[PDB]
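# Give me a model of this one.
(8 chains, ligands or ions: 1)
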Amino acid sequence: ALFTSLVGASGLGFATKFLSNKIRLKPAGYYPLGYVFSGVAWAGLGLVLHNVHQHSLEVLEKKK
Amino acid sequence: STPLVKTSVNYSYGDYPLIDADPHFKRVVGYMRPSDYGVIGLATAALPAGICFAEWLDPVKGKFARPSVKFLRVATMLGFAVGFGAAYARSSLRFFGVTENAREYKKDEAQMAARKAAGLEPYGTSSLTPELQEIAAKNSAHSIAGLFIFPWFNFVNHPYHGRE
Amino acid sequence: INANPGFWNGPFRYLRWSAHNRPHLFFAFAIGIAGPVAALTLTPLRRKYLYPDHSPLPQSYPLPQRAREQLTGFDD
Amino acid sequence: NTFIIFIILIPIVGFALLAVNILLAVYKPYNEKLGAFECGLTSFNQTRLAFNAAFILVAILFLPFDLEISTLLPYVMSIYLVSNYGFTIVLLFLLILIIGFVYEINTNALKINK
Amino acid sequence: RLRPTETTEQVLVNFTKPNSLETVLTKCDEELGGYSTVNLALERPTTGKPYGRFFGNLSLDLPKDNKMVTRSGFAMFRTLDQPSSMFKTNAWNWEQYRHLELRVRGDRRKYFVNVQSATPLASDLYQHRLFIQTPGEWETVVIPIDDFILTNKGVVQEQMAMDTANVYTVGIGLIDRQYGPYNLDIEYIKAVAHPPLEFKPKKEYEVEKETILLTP
Amino acid sequence: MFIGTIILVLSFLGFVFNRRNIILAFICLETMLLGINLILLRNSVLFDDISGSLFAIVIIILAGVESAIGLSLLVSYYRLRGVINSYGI
Amino acid sequence: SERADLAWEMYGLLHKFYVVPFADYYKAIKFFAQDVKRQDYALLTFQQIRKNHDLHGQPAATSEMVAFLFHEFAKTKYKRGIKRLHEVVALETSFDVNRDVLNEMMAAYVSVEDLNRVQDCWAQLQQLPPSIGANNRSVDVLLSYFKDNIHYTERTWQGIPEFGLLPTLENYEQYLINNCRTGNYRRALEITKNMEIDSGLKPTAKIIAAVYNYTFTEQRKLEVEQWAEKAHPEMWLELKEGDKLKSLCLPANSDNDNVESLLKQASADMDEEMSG
Amino acid sequence: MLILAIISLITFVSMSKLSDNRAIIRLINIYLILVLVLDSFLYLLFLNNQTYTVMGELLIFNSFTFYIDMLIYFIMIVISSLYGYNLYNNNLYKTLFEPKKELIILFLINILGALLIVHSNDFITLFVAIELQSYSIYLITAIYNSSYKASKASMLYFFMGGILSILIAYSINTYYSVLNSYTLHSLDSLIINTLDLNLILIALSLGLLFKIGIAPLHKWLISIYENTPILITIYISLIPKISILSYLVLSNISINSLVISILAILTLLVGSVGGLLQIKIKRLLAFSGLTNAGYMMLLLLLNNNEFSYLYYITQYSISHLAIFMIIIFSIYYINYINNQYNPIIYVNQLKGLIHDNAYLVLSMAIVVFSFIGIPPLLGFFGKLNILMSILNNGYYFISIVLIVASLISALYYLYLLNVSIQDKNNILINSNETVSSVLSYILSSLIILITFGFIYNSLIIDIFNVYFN
Ligand SMILES: CCCCC/C=C/C/C=C\CCCCCCCC(=O)O[C@H](COC(=O)CCCCCCCCCCCCCCC)COP(=O)([O-])OCC[N+](C)(C)C
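Numbering: from 1, shown residues only, chains lettered A, B, ... in the order given. Sure, structure below:
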């Protein structure tokens, strides 16, 4: 589902932000606005990839 | 204007009808949607905005200092460049019949209808010998596939556009 | 005494500054950029007004695009 | 045919070079008076001399610029045959080269002692 | 495991051994027409560790037997040139040391630590002056490896880093422009890895204190 | 082709053996390129085809650029600039 | 400063034409460095003494200049001069390295942040007898290089008794700064309160104002000015009108970041304010 | 988009101060980011494995070239971010990672050469692109010439690459002499069956593969990687390999080659065993790259290997960037610096890193496990695709060699983790300086990609099936 893909991408962005905070030796809740930015960006990338996947399936089905 | 070699007729590069296999630069710019100009402006504002955002994220010398006007102007010029390249590629894939090109197809139809009514040649007449026309078409054929690498546009009125 | 006013601050002021303070570079750019620009902006004008371009010269024999006709004369 | 000549010639001159190079194994062990150079003394009192980077850059850059110029010779021999397409290609070629010429001028890399 | 051995030291000029002197050679200006003399002794007394002795005279008088020379008066010793015949290493590896420590009693003379390493040129030398702080008493003067200054023919040059992976010889020499006898008693020369930060003078030298540490 | 191939063989084996004679190794590079160009030109003449000669001139230009870069490398390596910067900032 | 270039040409004619006393070299080196703005001529003036001694036979330079000229280089963070002067020292056949050169050479490397050279100069000072060797100037540089490392600042403090030294007023001040800039506001007060008992060195204005300046808690800043009113009443009152006290602290909703990261930014800003 | 960048950089860098280098590199970083995010729609040209020929049959364009092209831009963005953005805002890190005035221009010219290698359709274009990449990479290696350790590596790399390029040109000219052609379009099944041009292609593959350094010509590039600056080594050890291997995969000239198979087995054995004998980080990573190159060379023996090669090269590029960036970040937690160019040398200097940055050690553990092939990380899946491909074609001995090589390499991979999870009582001389947020974010993104890229395995498989068939 599109919603599930967006949720997964946003969670991956949150995980990336958390890992960046922990690498810098900083608390987990350091820059929550950065959490929002990372989640939005990774969710957008996930949306683009999901759209590519949907177009791929459409192209696969159309030649039948 | 007589072609010297055989070319594919109405070849389908995608799910849409072919308009022009090797559209001219003036042709591509003339068939440009307003959305492509929006993309051009988007990039032209995005590189300076990207520079400012990168400066905010990690200042070069520790203290936040906005980049000088020289960097903003270079970024603006390069943004216009990348936006123009993206717009040209989008218009080209519209010509190639890859994306939606219904309005472009209708405008193309009306255009050569008017040109035939005026008693002209279908894709122009050139200053170049027919051998040079063939060489130009063979060099510029599908050159938009290398937009990531180099810029190259069709500035030759050659008849090798893959149409009837 | 003399300091560069900057090209972007003023185009014509910088043009005069380059013409008066850096003659060699200014003239190098002038003749260099005149060529392509004058070509682009004058070749259509020359074609329209002065004289049309000459007909292409032959590169080999012009082969007729037709079948072999039956000819009579100079037979064995 | 070139591969064949290469492969069979390798062993013969290879062995010849091998033998002539096992010869120097011991020779002129350069027992010369290398004592003042393993300490750090100088005996010239003169012959300092200098070479600005711009001098060696003139010498080296004579070569790529000469190649750039000599690449124009094929164009002038077929100027009429490739008139407009070739004219544009040569213009782009010259502009690309002038980008590097502008680099070497702005950097002031070629200005000898001032 | 079976990896190349890693160590925090490597003795270069050991001395203190019956052979010792076979590891090093000497070169005075007698190679030129000069009159300086060099000779390396071996002292093994009691109540102490046996050391080497590096003495001689450094007469700076020019060689009035030839003319193309301009300045003379040197005397040096160095490790034997590294034997690279067909299969062995080729040279020394100093990529994990960053220092060289040598224990010596000094005098008023100004000695140089001379290092020969891989270099495109032939007579390039990495040399750093041996700063003798305490004359007449032993001192473990440490010289950082990446502070030697490249010299060819005795002239400071473009300071490119030493090739620590390929080092040939290490030695001490006199290029001091002064007359008179000289002496220098060395008992080891080694390259020592990075020491951790310490905040005591030394264990070999100490000053009166409360001695908080428990006695053994 | 005989002359080009044999020049290439001799220069290649001169490179392999010395390998520490940077002047002579770079000379051997130049001579190997010359030997390859000779073979290419001979085959282009035999086949009466222009691609061989075009690749030959391309190899000439590339060889020139490579020689310039390599001689800059040798300048940096041997410190040809000199120093005499003593008693200076 | 504007005419600093002009002083260079006039210096050249003074030496080409007239023989210049050697003692005048000290004044020119101090002038062409510690006086107005320019330090390039300080090195060249030192290089002038070297060139004449080697070639002409003029009397050689002494180690006093290199010790002084390192100190002047450690003020403008002049990375080029330190490298240039070091290799001149490393191949000198007239003067040698001693306690004073290493101290200022170590301070020159702290300014340019060279973790290797700083430890290198500390090894050479350490391996020397305490008679001539590690002094209060050595500790002064060593503490200033551990300004943001509380662990190595402390072990440096216990180093002073081992070398046979008694801390000085300039020695105490940096120790108070280092404790303050790492969040140890409370421990700093006990050091200042009990320093006069332990050593007999009465706290000065440059000590007390330092503790107030580098305390970045609005309440901890108050406890600093609790003993001062009733133990040093007269000598505080001359700091209120001198604008020495500065009230820089940490932000309010700043618990998002590390407290230790705040102390770095607060102290870095405070270092500039005390630089002039 | 790249030619214009090169021209604009020459013009702008010509008229800029040295202090503008970071800003220029940042500008190109965002420029390339926008090139990827804005011109990415060009993948619509390659539905159903549609192929185009460009510039008079001198260039080829398909989905494979497009994907390698995008991967090269992503790698270039990461590496240029490593140069534009300052890891730590202090003078020491200023000195260690300071870009040269021409470094970004050389980087872009080398990217151009690599792309022209990937897109080549003719031997003249192939040779010209090879020479462009080679000269650019020589200049990249030599641009830091203040040390003899770097100088010897630069000179060795110049001479060895000159010999290799001469051999490549000789093979190409022999092919031309045989066929009077400079393109592969003249090669068909009948052409291969009737005439014996196999040796020419074997020599060409030999010359090309030696440029990336397979056995028994591995030692010179390993020395070069050891001696070049690490911010240079991270680039010179990935991009040329990607270009050469992509050209070899797309060329498809080594089907079931005995010589190629034997050399791949030798490369795997040498990389696995020689890694056990390494105490330096750079040499260990060089042998790791050798082992990965052997793994990818095993894919040259069979057809329909596009998916496995693409997946493995992408995951290896990500892991390579991640491991070098981890090594770069760990520089802050050591008490001394070896060289201005290579600040860390021996694996022993990473000892006890878990007591300075535990999450850095966690990221390194993830990347090392992906190198070993522990599921569900990307490295395991790439190795699994390689195993499936080689077992589909019946290379059983090759599979056994692959498994044994992986098992051996796991030992010296776990060497790193075992050293790093030790105890270092020596406390740091540095504290509390904050690491760059941009570079930390990029490293974390690489680690998260390695950790959770297996989510999109089916999606990637479907996209490959629709865009490559
Ligand atoms: C807003 C525009 C930004 C786009 C910039 C993209 C740069 C790509 C760069 C570096 C590679 C990073 C991973 C790319 C993923 C493969 C896409 C694909 O699907 O791979 C296929 C081919 O699969 C293959 O053979 C094997 C691919 C091996 C991938 C190995 C990594 C696995 C983990 C990555 C999972 C992604 C996580 C995203 C989280 C939100 C190419 O697809 P395609 O040629 O049909 O075009 C795609 C449409 N595109 C251009 C819009 C994207």
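# Once you drop chain neighbours, what's closest to the residue in the stretch 101-250 of chain G positioned nearest to chain E?
Closest residue of the stretch 101-250 of chain G to chain E, C-beta to the nearest C-beta: residue G:159 (3.3 Å). From N, CA and C alone the C-beta is placed, and that goes for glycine too. Leaving aside its chain neighbours, residue G:159 sits nearest to residue E:199 (3.3 Å; criterion: C-beta to C-beta, 6 or more residues apart in numbering or on different chains).
# how many other residues sit next to residue 56?
By default, I'm working from chain A. By other C-beta atoms under 10 Å in any protein chain shown, the residues close to residue A:56 number 18.
# let's do chain C instead
The number of residues packed near residue C:56 is 13, by other C-beta under 10 Å.
# roughly how far apart are it and residue A:40?
Using C-beta to C-beta, to the nearest Å, residue C:56 is found at 61 Å from residue A:40.
# Could you look up the SS state of residue E:173?
strand (DSSP: H, G, I helix; E, B strand; the rest coil).
# residues contacting the closest residue to it other than its chain neighbours?
Among residues not flanking residue E:173 along the chain, residue E:76 sits closest, at 2.9 Å (C-beta to C-beta, 6+ apart). Residue E:76 makes contact with D:35, D:38, D:39, E:26, E:27, E:28, E:38, E:114, E:171, E:172, E:173, E:174 under the criterion C-beta atoms under 8 Å, 6 or more residues apart in numbering or on different chains.
# next one: residue B:149
Contact analysis of residue B:149 by C-beta under 8 Å, 6+ apart lists H:1, H:2, H:3, H:69, H:112, H:115, H:116, H:119.
# does whichever strand in chain E runs longest come close to chain G?
Using DSSP state E to define each element, chain E has its longest strand at strand E:181-192. No. Figure legend: strand E:181-192 not in contact with chain G (C-beta under 8 Å from any C-beta of the partner chain); closest approach 9.8 Å.
# Just the buried positions in that strand, please.
By 16 or more other C-beta atoms under 10 Å in any protein chain shown, the buried positions in strand E:181-192 come out as E:182, E:184, E:185, E:186, E:187, E:188, E:189, E:190, E:191, E:192.
# Which strand residues bridge the first one?
On the basis of DSSP bridges, residue E:182 is bridged to residue E:56.
# For residue H:296, which non-adjacent residue is closest in space?
residue H:245 (5.5 Å).
# and the one you found, how many neighbours does it have?
Residues near residue H:245, counting by other C-beta under 10 Å: 24.
# do residue H:392 as well
11.
# Same check on the one 3 residues further on?
If you count neighbours by other C-beta under 10 Å, residue H:395 ends up with 20.
# can you tell me how far it sits from residue H:405?
Counting by C-beta to C-beta - residue H:395 and residue H:405 are separated by 14 Å.
# and if you look at residue H:91?
Going from residue H:91 to residue H:405 by C-beta to C-beta gives 44 Å.
# and the two? which has more neighbours close in?
A direct count of neighbours by other C-beta under 10 Å for residue H:91 and residue H:405 places residue H:405 higher, at 23 against 14.
# Confirm that residue E:113 sits in a strand.
Yes. Under three-state DSSP, residue E:113 sits within a strand.
# Now do the helices in the stretch 201-350 of chain H.
Using DSSP state H, counting those that start in this stretch, the helices assigned to the stretch 201-350 of chain H run over residues H:219-227, H:230-236, H:239-251, H:258-276, H:281-297, H:306-329.
# Buried residues, stretch F:42-55. List them.
Across stretch F:42-55, burial judged by 16+ other C-beta under 10 Å covers F:42, F:43, F:44, F:51, F:52, F:55.
# circling back to that earlier point, does the residue nearest to residue H:296 really touch residue H:298, like I thought?
No. Look at residue H:245 against residue H:298 with C-beta atoms under 8 Å: they stay out of range, at 11.5 Å.
# follow-up on the earlier one: run through who's touching the longest strand of chain E.
Residues outside strand E:181-192 that contact it (C-beta under 8 Å, 6+ apart): E:8-16, E:43, E:49-58, E:75, E:94, E:97, E:99-107, E:109, E:111, E:138, E:142, E:145, E:170, E:172, E:174.
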